[PDB]
Amino acid sequence: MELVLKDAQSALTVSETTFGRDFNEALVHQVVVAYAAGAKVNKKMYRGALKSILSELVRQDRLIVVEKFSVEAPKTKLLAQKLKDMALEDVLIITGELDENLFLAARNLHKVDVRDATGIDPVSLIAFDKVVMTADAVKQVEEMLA
Amino acid sequence: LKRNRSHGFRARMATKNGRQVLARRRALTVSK
RNA sequence: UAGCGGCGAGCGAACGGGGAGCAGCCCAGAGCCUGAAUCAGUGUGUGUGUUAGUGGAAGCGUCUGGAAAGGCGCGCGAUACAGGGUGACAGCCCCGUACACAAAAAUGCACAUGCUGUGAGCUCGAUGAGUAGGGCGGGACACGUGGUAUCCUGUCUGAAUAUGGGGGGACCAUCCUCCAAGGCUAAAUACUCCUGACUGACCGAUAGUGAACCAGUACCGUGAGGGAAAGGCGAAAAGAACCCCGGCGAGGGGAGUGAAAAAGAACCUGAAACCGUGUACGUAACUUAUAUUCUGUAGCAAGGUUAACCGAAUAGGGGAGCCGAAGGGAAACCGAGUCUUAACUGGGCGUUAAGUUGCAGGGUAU
């Protein structure tokens, strides 16, 4: 399965065993309940739940991937204009290296959050229905989730 | 709290001057 | 867990592994040259705080309304949608929030600078003296002074300087370790009277500290000490100007302020045991947690799990434990079979019968 970019359709190959596996409802529910209670978590089951939620999100067509999502300058006006052009309001931006301009001009957005690959959490993914994921972050998330 | 302890009868008893003052007054200052 | 305990009630190890840190020196005495390392003090310099503070982005119409901070529309801000206040719910009304900043003077933190104090450093001696040990009577765990096995002595003794002396369960063959009998130590390691900030799926006036209130107050006792009860007007007191009935009292009855006076100072909301008015009816209380066991569910799967630790930190690094694997017999030893027996179709235990960590809950004692 190749992610839709809407501009170039240059999505890279994604391991279906990780991003396209069956959705285990019980495991995801257990992991989210444990995360809510904490806010014991095991590495393997946590990774499995992350893979399950990623597979559910991609299979629901709620995930969008672009070559590089960022802002030219650290201004919230530019980000708002870009979101308006995208015609989306509640979007979770996930990337790799922590962007400076976007992170700086993203705090005030109540319905928009920005985080890096290492900072992905089940609560963040579940909170926002739509996710915009940077292309380069695919390998990072794959290695993080094994 | 400090008055109850520092000026309490316990502290006065612990000191010779406190005992002398208490005996003189009996013949006071803390009421907890 | 081993161990201990009229082996009954019960108490309680070592080794090792992995982390923060890991600092060893001083002299006991000689020389060489040598106050050049390091530490404190003193005046100056730089950067950072603190003790006061500065700038700080964006809006209105209509309708509902006591007030709009209610929602309807079209706009903008954002490195600032943390909060508080404004006649009801505020990113654009105000203090502030991100950010940029700010000091005549003092100190704290880092070093450099001139000077004063401990004062680079190199080589060669060298062991900390009445010391190890012994004897009489005492003090501590069992002594109740000798289970005396350990420590100290009022007292009498007492050959060691890396040839020698200490320990190693007897001494001992192999050997392991140090030069005890002089001193220092700083980092990681607990505690919180009290101060700054952050909060809480914390409490709501019979709750919460005893005290949300002039509370450690009244009061109870000569004293120690004990120890209460008591919040809510509203938006601005706008606190009812003013006429009259009353004792120039109070109390209320009118007008007015008022959204409300069903907010009127004995001041938000109002229910019964209690007393009347008006109407109708018949009537002379096993809590938290270690262990035991069970239920259903999820990941991995012969692996699951990593923990005090580190962690742009609840993700990830960190295998030391943690349950079992091709097994068992006390061992040899054999191997899918094995074990005392020459052998029991005796009989016991096995064949590659997969287990673990979480999730929510049920019974037992501790």
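In this document, residue positions are counted from 1 along each chain in sequence order, independent of how the entry numbers them, and residues without coordinates are left out. All chains are assigned letters beginning with A, and all ligands numbers beginning with 1, in the order in which they are written. Consider the displayed chains a part of a larger assembly; each reported value belongs to this part rather than to the entire assembly. In computing side-chain values, all of the structure's heavy atoms are included and hydrogens and water are not.

Method of determination, as given in the entry header: cryo-EM; reported resolution: 4.07 Å.

Glancing now at the pattern of salt bridges. All names here are of chain A. Salt bridge criterion: a side-chain nitrogen from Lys or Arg within 4 Å of a carboxyl oxygen from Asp or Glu. For the coordinates displayed, the defined rule picks out 5 salt bridges over all chains. Note that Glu56 and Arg59 form a salt bridge whose closest N and O atoms lie 3.9 Å from each other. A residue pair is termed a helical-turn pair when its members lie 3 or 4 positions apart in one helix, as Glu56 and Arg59 do in helix 3 (residues 43-59) at 3 residues. Two residues, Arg115 and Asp121, come together in a salt bridge whose shortest N-O distance is 3.2 Å. Think of it in three bands: residues with accessible area under 20% of the maximum for their type are buried, residues over 50% are exposed, and the middle band is partly exposed, with areas taken using a 1.4 Å probe on protein chains only. Residue classification places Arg115 among the partly exposed positions, given a relative accessible area of 30%. Helix and strand definitions follow DSSP, with helices as H or I runs of at least four residues and strands as E runs of at least two, each counted in order from the N terminus.

Residue and element names in this part refer to chain A. At least two bridges found by DSSP between two strands is the condition for calling them paired. Sheet architecture is open: 4 strands sit in the order 1-4-2-3, paired in parallel fashion. Where the open sheet ends on each side, the last strands, each with one partner, are strand 1 (63-66) and strand 3 (113-116). This sheet shows a mean twist of 20 degrees between the axes of neighbouring strands, independent of strand direction. Bridge count between strand 1 and strand 4 (residues 130-134): 4 bridges; the pairing is parallel. Of the residues in strand 4, the one forming a bridge with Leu63 is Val131. Note on geometry: axes are lines fitted to C-alpha atoms, helical ones only across the stretch in contact, with angles between N-to-C directions running from 0 to 180 degrees.

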